[PDB]
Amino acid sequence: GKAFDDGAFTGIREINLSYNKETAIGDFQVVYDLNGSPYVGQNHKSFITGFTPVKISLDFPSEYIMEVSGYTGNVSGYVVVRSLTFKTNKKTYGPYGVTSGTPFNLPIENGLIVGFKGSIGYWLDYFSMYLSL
């Protein structure tokens, strides 16, 4: 895939991602907060089309993600991120994608997700999260 790295910001205003019922997460883009300003992150797009767009708009700064979870598993047959769910102190957005394969979760008791980095080809290959107080 094409490696992407947003780096680290002040928090998260919005997540734009797309997915396919049959395969996996495709596109990923974040609108971060940067010292009180929306920071529009670069849209990291799949190499292919066919996905269902989803928009996760947060009530920043009162609403914030408390748990990222999902599934990784094989697709044509690359290990990719098939599924994502974002749970905040207000609600649960997802699951989006196919909920099959190896489940993962990151719940946070103290701290904030402040960045994403990863790689996308046909599908979201992997990702990591910056965490901060």
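Start at 1 and count along the sequence shown; that's the residue number.
Here the stretch with the larger average CA B-factor, out of 111-119 and 11-19, is 11-19. The PDB entry reports B-factors from which the mean C-alpha value can be compared for 80-88 and 52-60; the larger average falls on 52-60.
The PDB entry assigns the greatest CA B-factor among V98, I65, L34, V31 to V98.
Annotation for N74: CA B-factor lies in the highest third of the chain's modelled residues.
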